[PDB]
Each structure stands twice: as structure tokens, then as C-alpha cells.
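Letters go in sequence order (proteins before strands), and every chain restarts at 1. We count ligands from 1, going down the list as the structure has it; atoms in each ligand are counted the same way.
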Protein chains: 2
Amino acid sequence: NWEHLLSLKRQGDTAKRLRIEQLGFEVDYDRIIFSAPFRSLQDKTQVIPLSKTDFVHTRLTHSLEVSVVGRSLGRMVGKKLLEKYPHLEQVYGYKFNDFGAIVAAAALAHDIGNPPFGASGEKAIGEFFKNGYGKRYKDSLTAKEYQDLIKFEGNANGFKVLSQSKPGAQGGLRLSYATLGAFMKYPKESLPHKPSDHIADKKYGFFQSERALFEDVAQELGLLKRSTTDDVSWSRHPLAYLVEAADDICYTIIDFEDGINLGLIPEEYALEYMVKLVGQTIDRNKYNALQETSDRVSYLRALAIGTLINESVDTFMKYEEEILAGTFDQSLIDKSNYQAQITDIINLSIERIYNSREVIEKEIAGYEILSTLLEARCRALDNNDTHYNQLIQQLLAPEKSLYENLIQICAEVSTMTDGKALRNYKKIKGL
Amino acid sequence: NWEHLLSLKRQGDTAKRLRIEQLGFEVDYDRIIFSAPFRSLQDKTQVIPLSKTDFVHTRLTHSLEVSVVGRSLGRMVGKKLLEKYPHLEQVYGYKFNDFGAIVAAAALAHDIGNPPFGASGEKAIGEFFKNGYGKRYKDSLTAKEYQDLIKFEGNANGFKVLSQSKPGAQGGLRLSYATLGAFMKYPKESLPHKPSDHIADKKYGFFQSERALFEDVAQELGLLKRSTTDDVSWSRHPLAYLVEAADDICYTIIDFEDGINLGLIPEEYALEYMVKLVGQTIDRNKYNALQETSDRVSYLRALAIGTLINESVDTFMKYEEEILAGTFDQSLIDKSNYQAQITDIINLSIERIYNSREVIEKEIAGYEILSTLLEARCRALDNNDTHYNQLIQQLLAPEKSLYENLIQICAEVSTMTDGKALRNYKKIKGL
Ligand SMILES: Nc1nc2c(ncn2[C@H]2C[C@H](O)[C@@H](COP(=O)(O)OP(=O)(O)OP(=O)(O)O)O2)c(=O)[nH]1
Ligand SMILES: Nc1nc2c(ncn2[C@H]2C[C@H](O)[C@@H](COP(=O)(O)OP(=O)(O)OP(=O)(O)O)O2)c(=O)[nH]1
Ligand SMILES: [Mg+2]
Ligand SMILES: [Mg+2]
Ligand SMILES: [Mg+2]
Ligand SMILES: [Mg+2]
Ligand SMILES: [Mg+2]
Ligand SMILES: [Mg+2]
């Protein structure tokens with residue numbers, strides 16, 4: 001039921017907010033814009049670590065583009081939905097801008113829990129507990145708590161950052177429940193690991209300490225259970241599909257364009273792989289009148305994004321009933337007519353950009369930096385009577401369980417930028 | 001007349017676009033988001049040069065906050081305007097979201113022409129032509145062209161960046177005429193210098209090479225002339241007042257908060273100067289329950305921004321007829337009840353932040369960097385037969401008049417970030 005999916009509740013509320021008596025979905029955008037975690041995204045790795053103030057993307061600019069594309073997708077889907085179910089507007093009072101606001105707010109914050117150095121950073125944080133110092137804690141934690149530690153993802157960290165309670169400020173940013181539902185793409189815990197081939201089962205979305213919180217949200221939105229066991233799991237919110245589609249479109253096209261502009265990909269491929277996407281709307285005279293690679297690739301990027309957005313809207317509207325029922329098992333991008341072109345673009349990006357020498361060098365350095373910082377924090381946690389551990393506490397982190405302390409350490413390491421992490425690493429070693 | 005101020009025309013159009021047959025004001029936001037000049041704002045100075053990846057603001061985050069505040073102001077003012085003039089909605093078909101879109105798009109791009117190192121950078125570029133090498137060109141240029149060169153501001157550079165014609169792409173970003181009108185705050189040329197004490201006469205808004213372009217815009221929007229001479233000048237677009245109010249509110253409050261968080265201002269002042277702004281809505285229990293300086297200053301900042309936004313809307317609605325007629329001479333912030341508090345905050349910021357030792361060091365370095373780069377470009381321009389000048393052209397800038405070439409050099413220097421400028425300066429000197 002769509003009347004329960006578009007909820008306006010906030011954490012710690014007793015009177016039900018109504019749409020007629022209102023806007024809730026724009027304050028979420030404003031609150032995310034003005035927060036420190038969002039501001040820390042300006043110097044976090046998207047693909048190339050330590051961007052050197054070049055023209056390449058960071059996490060912040062990527063999130064902004066995903067937000068624009070998500071607003072467009074949400075507006076179109078909301079128009080079609082309001083056409084399909086008239087009573088959503090004539091009784092409850094929902095307009096087609098609310099869907100755009102929800103998807104834009106969710107897409108702006110979709111990537112906020114990521115640590116420095118990107119995917120390699122998450123792998124390093126996991127390997128620290130798996131085959132490093134943190135291994136010593138394995139006997140002192142529940143299997144669900146250990147699987148949280150050794151398979152750390154930014155998806156759970158983002159939910160925690162968004163919904164963190166502190167003395168005097170309950171609920172953290174206190175976003176609406178619809179935004180939280182559209183933000184979550186893996187509504188399950190860390191065990192069991194990969195129970196099936198469903199798209200919503202690749203990873204997990206919340207930690208144990210936050211688990212209870214999500215239950216509340218999942219009760220309010222009327223999500224559909226899938227547990228059939230002692231481990232909880234729910235079905236996806238329908239707008240989470242749109243969030244994922246926007247994320248995928250943006251990074252797939254922009255990575256290719258950035259690689260072309262950097263000199264790692266020849267310009268010819270730009271027309272070898274993209275023409276079928278842009279052939280139906282390209283103006284040949286305008287394309288031929290341009291005189292630099294940047295203009296041509298920008299033109300192609302704009303046309304491709306438009307085409308993919310339209311196709312995604314059509315695909316979503318086709319399989320709406322299955323998504324509402326919970327039986328859909330793929331993403332909207334896998335039901336597309338240009339899957340071969342996307343696959344070729346991704347494979348070329350993997351061969352040329354992800355495995356380039358400079359990228360590998362930066363990832364190797366990031367492994368060492370993260371391991372050193374985590375080991376210092378953990379050793380200061382174990383013994384708190386020495387002078388050195390007091391100094392470490394004063395520099396890095398100015399009544400809890402062991403699991404809560406370890407989660408706090410992981411969270412505090414992941415709020416740093418690449419530059420701050422490198423500077424702290426050099427300071428620890430006195431260089 | 002408001003029907004002519006909200007124009008949807010784009011550069012190179014022959015058929016008049018109508019509001020009923022439509023959205024135009026959102027494509028402007030999307031186009032600015034995806035452009036390279038907007039992306040270069042992530043590493044440009046707001047107050048503290050070479051931010052060192054800290055929590056302090058850059059140009060990009062400042063522009064985002066100004067955009068949010070501008071959207072709020074525009075929505076409120078548009079609601080009241082549509083209440084005052086019913087025919088704006090029942091015949092033409094304008095909704096209260098269009099004003100918000102126009103003000104948000106104008107506020108997002110309000111600061112895009114700024115050079116590296118902020119105000120000191122503009123002063124250095126001017127001093128280069130005034131008392132440096134570029135002085136040699138004084139005899140070869142018209143007085144209006146020389147006053148453009150020696151009083152370079154980012155306001156004219158931003159208009160040029162927004163409306164730059166290139167082979168195969170006429171009109172640059174091709175934004176709507178309403179957005180261009182709301183973006184311009186000084187609709188006049190560089191001579192005469194400060195003819196009066198009007199707020200719209202402190203600086204100039206367009207260069208000579210772009211002058212003709214603005215005339216077209218000023219013809220379409222029905223702006224009111226003020227020349228009475230051979231030098232053209234027009235009255236302000238009414239929404240430019242809202243853009244300026246949002247810019248002022250944001251930087252005035254956030255500079256204070258950032259100085260407090262950095263350790264340059266004691267926390268006590270935070271309540272000595274802000275209470276009258278926040279005393280009517282502050283919750284004392286919530287304020288006392290917080291346990292860190294960051295939370296308290298963030299709470300105070302939010303409350304102050306809300307109060308100032310409401311007061312600005314009231315002030316604008318009071319003096320609407322004078323603004324439409326063109327007789328208003330001050331900003332909306334000078335007709336406020338909290339002018340003494342704002343003045344005290346600004347004076348404290350000047351004493352403590354602008355004149356701190358680190359800031360002065362960075363500005364002094366930026367002077368040398370900009371002078372070196374400009375001199376190299378100009379010398380390569382003068383003689384183009386030497387091997388060294390060919391190398392300089394190949395490194396820095398891979399049929400025009402002298403004035404056009406000098407303007408192009410100034411523009412190409414101002415597109416660089418602080419890091420890129422420093423790296424190029426070191427490369428020129430071989431360090
Ligand atoms: N350097 C590097 N970048 C990678 C690698 N794998 C992926 N990336 C980049 C490509 C994209 O810019 C970005 C994708 O991350 P996102 O968090 O946006 O989504 P992703 O689909 O990877 O995962 P998620 O939805 O979070 O489970 O990461 C890799 O092995 N190395
Ligand atoms: N470091 C430093 N920063 C300054 C100085 N004067 C102003 N600022 C900073 C304070 C604000 O963050 C920012 C204001 O620049 P904006 O371009 O936003 O507007 P402003 O009113 O200065 O001028 P405009 O409207 O462009 O004529 O510049 C100065 O002397 N030194
Ligand atoms: Mg992600
Ligand atoms: Mg993904
Ligand atoms: Mg992403
Ligand atoms: Mg400015
Ligand atoms: Mg100003
Ligand atoms: Mg500004």
C-alpha cells in the first residue's frame with residue numbers, strides 16, 4: 001500500500017503527521033546539506049585516491065549528480081503513479097514533487113558512510129579484524145557481531161551516521177521514515193552471508209546496535225518480511241530501486257568520461273561504445289563543429305544520461321506490481337536493451353582505470369595507513385593506564401560494551417578524509 | 001511588470017516560449033551542476049586559503065548553503081507575490097516554485113567567476129596591470145578597457161563564464177534570461193567609477209566584450225535605464241536583492257561559527273552576540289543537555305538563520321513598490337532590527353580571522369604565485385617566435401585583438417584551483 005510507504009514520521013513522535021496538514025521531504029535535503037558528515041565528502045575517494053585537485057570526481061560531486069538524476073527519475077515516476085492511482089491525490093493529497101524530494105534526499109545521502117580510500121578502505125578495515133590485530137577479539141563477541149566487524153560496509157555505517165543518538169540530540173538528523181526506507185537497499189543483518197541470488201541479499205544494511213531502530217521503521221512503512229527464521233530480513237522499498245538506478249547510471253557513464261579526459265582511454269572508443277545510446281538524438285552538425293575532446297565527450301554524456309533515464313522509467317513502470325509484491329529479483333538496469341554496451345564500458349574501465357599503476361600505488365599506501373591508525377586505537381582501548389595510551393586518546397578521540405567500543409573506533413576512523421588520515425599517520429610516526 | 005521579469009527566453013531563439021506550454025528553471029540547476037566551472041569550486045578559497053582538508057568551508061559548500069537559503073526565501077516571497085497579484089497565476093500560469101527555482105539557480109552560480117585565493121587574488125590580478133608588467137599596455141587600450149583590467153572582479157568573470165560562445169556551442173550554458181537577471185547585481189560598466197552612494201553602483205557587472213550580450217537581456221526583461229549619459233546602466237532585478245540577502249546571511253553567520261570551531265574565537269562570544277537573534281525560539285533544556293561546542297554552535301546557527309530569513313521576507317514585502325520602481329537604495333539587511341549584532345559579529349571576524357597570521361601568510365604567497373603566472377602568459381603573448389614562449393604556450397594554454405587576448409589570459413588564470421596554481425608555479429621555477 002502506497003499510503004504507508006510515503007510516511008512523514010520522525011523519531012520520537014506520538015501524533016501522526018498528515019499530508020493535508022502540511023514540507024517534510026525538503027527539510028531532509030536542507031538538513032543533510034548543512035551537516036558535517038556531508039561536508040567531509042569533499043575529500044573522499046570516488047575512484048582515484050588523493051585526487052590532486054584535478055578535474056576528476058570526488059564523493060561529493062558524485063552525490064550531487066546522483067541527486068539530480070534521482071530527482072528527475074522520481075518526478076517522472078510520481079507523475080505516472082499519480083495517473084495510475086487517482087485516490088493518492090484526491091483524498092490523501094500527494095503531488096508529484098514529493099516523490100522527487102524523497103528520491104533526491106535519499107540519493108544525496110546514499111554514500112555518506114564510506115571510509116577514506118573507497119573500496120580498498122573497507123577491505124582494509126575488514127582485513128584488520130580478520131587476519132590482523134583485531135583477531136584477538138573473536139572469542140569475546142557473538143558471531144553476528146564478528147561478521148559485522150569482518151565485513152564492514154559503508155551502507156550500515158551510513159545508516160548509523162544518519163540515525164545516531166547523542167546526549168541532548170535524539171535521532172541524529174531526524175529524517176523522515178520514507179527517506180530512510182528509500183535509502184536502504186539491503187534490509188537484512190550480516191548473517192547468514194549471501195543466502196540466495198537475490199539482488200537485495202548481496203550485503204547487509206544495518207549493524208546490531210542499530211537493529212532495533214530499523215525494526216521500528218520497517219513496522220511503520222509496512223515492509224514485507226522474508227525471515228522465515230530467527231534472523232530478520234525485509235523486502236526493499238520501491239524507491240530504493242530508483243536510487244540504485246540513478247547511482248549506477250551516473251557512475252557508469254562518468255567513470256568512462258573521466259578516463260577519456262585523463263588520457264587513459266583513447267577517444268575513438270567514446271564513439272565505438274556510445275553511438276547506439278546516442279544515435280537516436282545526436283545532432284551531427286553540432287558534433288562536428290566542436291573542436292576539443294572535452295566538448296564531444298560532454299555532449300555524448302548528456303545524451304546517454306537522458307536516454308538511460310527514460311528507459312529506466314519505462315522499465316520501472318512495466319514491473320510495478322512485482323516490485324510492490326516483492327518478487328522482483330534484479331535491478332532495473334539488467335532489464336535494459338543496452339546491457340552489452342554497459343558491460344563493455346565497465347570492462348574497459350576495469351582494465352584501464354582500476355588497474356592503472358597510480359591507483360594501485362595509492363591503494364597500497366591506504367592499506368598501511370588504515371592498519372596503523374586502527375591498531376593504535378585498539379591498543380589504547382585495551383590498556384588505558386599507560387602514559388602513551390592517554391596521549392593517543394587525547395590526540396585521536398577526545399561506559400560501553402566491547403562491541404560498542406569497537407564499532408565506535410571503526411566509525412571514528414571512517415569520518416576522516418584522505419588528507420587528514422595521511423597527516424595523522426605521519427604524525428604518529430614523527431615524519 | 002512581473003510578466004516580463006519572469007522570462008523563459010534562451011540565447012538564439014526566435015519563437016517566444018510560454019509558461020502554459022511547458023520546466024525551464026530546473027534545467028538551469030541541472031546544467032550548472034554538471035559543468036566543469038562549477039566542479040572547479042571545490043578547491044577555491046572562501047576565507048582560509050589552502051584549507052588543508054579541514055572542516056572549514058570552500059566556495060562549493062558555501063554556494064550550496066546559499067542555494068538552500070535562496071530557495072527558501074524565493075518560495076516564501078513567491079507565495080506572497082501570488083497572493084498579491086492573482087492574475088499572475090490565473091492567466092499566465094506561474095506557481096510559487098518558479099521563484100524558488102530562479103533564486104536557487106542564481107544563488108548556485110553567484111560566485112563561479114572567482115579566482116584562486118579569493119579577494120587577495122582579485123587584488124593581485126589588478127595590481128599586476130596597475131603597478132606591474134601589464135602597465136606597458138596602458139597606451140594601447142581604451143579607458144574603459146583599462147579600467148576593466150585594473151579593477152578585475154569575479155562578478156564580470158562569472159557572467160562571461162556563464163555566457164561564453166565557442167565554435168559549435170553558442171551561448172555557453174544557455175540559461176534562462178530570468179536567471180541571468182537575478183544573477184546580476186551591478187548592471188553597469190566599469191566607468192564611471194562609483195558615481196553615487198547607491199548599493200548597485202559599488203562595482204560593475206560585465207566586461208566590454210560581453211556588453212552587447214547584456215543589452216539583449218536588459219531589453220527582454222524590461223529593466224529600467226539609469227544612464228542619462230553615453231555609459232549604460234540599468235536598475236536591479238528584484239530577485240537579485242534576495243540573492244544578495246541569502247549570500248550575506250550565510251557568510252556572516254558561518255564565518256563566525258567556523259572561527260569559533262577553529263579556536264580563534266572564545267565560545268562565550270557565541271552567546272554574547274547571538275542571544276537576541278535566538279532568544280525567541282531557543283529551548284533551554286536542549287541547549288543545556290548538549291556536551292560539546294560543535295553541537296551548541298550548530299543549534300545557534302540554525303536558529304539564527306531561520307530568524308534572519310523570516311525578517312528578510314518581511315522587509316522585502318514591505319518595500320516592494322520602491323524596489324519595482326527602482327528607487328530602493330540599500331540592501332534588505334540594512335533595514336533590519338539586528339544590525340548592531342551583525343556589525344559586531346563582522347568586526348570580530350575581521351579582527352580575529354581575516355588578520356590571523358596563517359591567513360596573511362597564505363595571501364602573501366598567493367600574490368607571488370599569481371604575478372609569476374600572469375607575467376609568463378603576457379610575455380609569451382608579446383613574442384611568439386622564441387622556443388621558450390612556444391613551450392609556455394604548450395604547457396599553460398594549448399585571430400583576436402589585444403584586449404580580447406588579455407581578457408582571455410585573465411580568464412584562464414582564474415579557472416585554476418589553489419593547488420593547480422601552486423603546482424604550476426613550482427613547475428615554472430623547477431622545484
Ligand atoms: N579504484 C577502484 N574504484 C572502484 C572499484 N570498484 C568500484 N569502484 C568505484 C567505481 C564507482 O565510482 C564506485 C561505485 O561505488 P558506489 O558506492 O557508488 O556503489 P557500488 O555499486 O560499488 O556498491 P554499493 O551500492 O555501495 O554496494 O566505486 C575498485 O576496485 N577500485
Ligand atoms: N581572507 C579574507 N576573506 C575575506 C576578506 N573580505 C571578505 N572575505 C570573505 C568573507 C566571505 O566569506 C566572503 C565574501 O565574498 P562574497 O563573494 O560571497 O561576497 P562579498 O560581499 O565579499 O562581495 P560581492 O558581493 O562579490 O561584491 O569573502 C578579506 O579581506 N580576507
Ligand atoms: Mg555506496
Ligand atoms: Mg551499487
Ligand atoms: Mg554512489
Ligand atoms: Mg561573490
Ligand atoms: Mg556581497
Ligand atoms: Mg557567496
Should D148(B) and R211(B) be marked as a salt bridge (charged side-chain N to carboxylate O under 4.0 Å, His left out) after you check the CA-CA gap, both sets of side-chain angles, and the distance that decides it?
CA-CA 12 Å; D148(B) 275 3; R211(B) 177 201 155 150; over 6 Å; no
Going by the atom numbers of ligand 2, which of them fall below 4.0 Å from some non-hydrogen atom of [X]?
X: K203(B); value: 27 (O)
X: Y186(B); value: 27 (O)
X: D247(B); value: 18 (O)
X: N155(B); value: 26 (O), 27 (O)

Measure [X] to ligand 2 on non-hydrogen atoms and call it side chain, backbone, both or neither using the 4.0 Å cut-off.
X: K185(B); result: side chain
X: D111(B); result: side chain
X: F117(B); result: neither

Could you identify the N, O or S atom of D111(A) positioned closest to the Mg ion (ligand 5)?
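For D111(A), the N/O/S atom sitting closest to the Mg ion (ligand 5) is OD2.
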Looking only at side-chain N and O atoms, does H57(A) offer a donor or acceptor that is under 3.5 Å from a partner on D255(A)?
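Side-chain D/A pair, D255(A) to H57(A): absent.
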Assess, by modelled atom type and distance only, whether the side chains of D418(B) and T53(A) contain a donor and an acceptor separated by less than 3.5 Å.
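Result is no, nothing qualifies.
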Any N/O pair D248(B)/ligand 2 closer than 3.5 Å:
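No.
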Would one find an N or O of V359(B), backbone or side chain, under 3.5 Å from an N or O of ligand 2?
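No - when backbone and side-chain N and O of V359(B) are compared with those of ligand 2, no distance drops under 3.5 Å.
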Quick one: pull up [atom1] in [X] and [atom2] in [Y] and give me the separation to the nearest 0.5 Å.
X: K160(A); Y: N155(A); atom1: NZ; atom2: CG; result: 15.0 Å
X: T252(A); Y: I249(A); atom1: OG1; atom2: CD1; result: 8.5 Å
X: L332(A); Y: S312(A); atom1: CG; atom2: OG; result: 5.5 Å
X: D111(B); Y: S67(B); atom1: CG; atom2: OG; result: 12.5 Å
X: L41(A); Y: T61(B); atom1: CG; atom2: OG1; result: 11.5 Å

I'd like to know if the Mg ion (ligand 5) has an N/O/S atom from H62(A) within less than 2.8 Å of it, counting both backbone and side-chain atoms.
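Coordinating: yes.
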So is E363(B) touching ligand 2 or not, going by heavy atoms under 4.0 Å?
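Yes, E363(B) has a heavy atom closer than 4.0 Å to ligand 2.
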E122(B) near ligand 2 by a heavy-atom separation under 4.0 Å:
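It does not, in that no heavy atom of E122(B) comes within the 4.0 Å cut-off of ligand 2.
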Report yes or no: is the cationic atom of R301(B) (NZ for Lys, CZ for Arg) under 6.0 Å from the centre of the six-membered ring of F34(A), at an angle within 45° of the ring normal?
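Pair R301(B)/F34(A) does not count as cation-pi.
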Is there an N/O/S atom in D247(B) that lies less than 2.8 Å from the Mg ion (ligand 6)?
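Looking at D247(B), which is the residue asked about, there is no N, O or S atom under 2.8 Å from the Mg ion (ligand 6).
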Which of these, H62(B), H57(B), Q46(B), has its nearest heavy atom closest to atom 13 (C) of ligand 2?
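Nearest option to atom 13 (C) of ligand 2, by heavy atoms: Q46(B).
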Please evaluate residues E244(B) and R236(B) with respect to the criterion salt bridge (charged side-chain N to carboxylate O under 4.0 Å, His left out), reporting the C-alpha separation (whole Å), side-chain torsions for both, the decisive distance (0.1 Å), and the verdict.
CA-CA 11 Å; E244(B) 176 178 48; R236(B) 255 194 196 181; 2.9 Å; yes
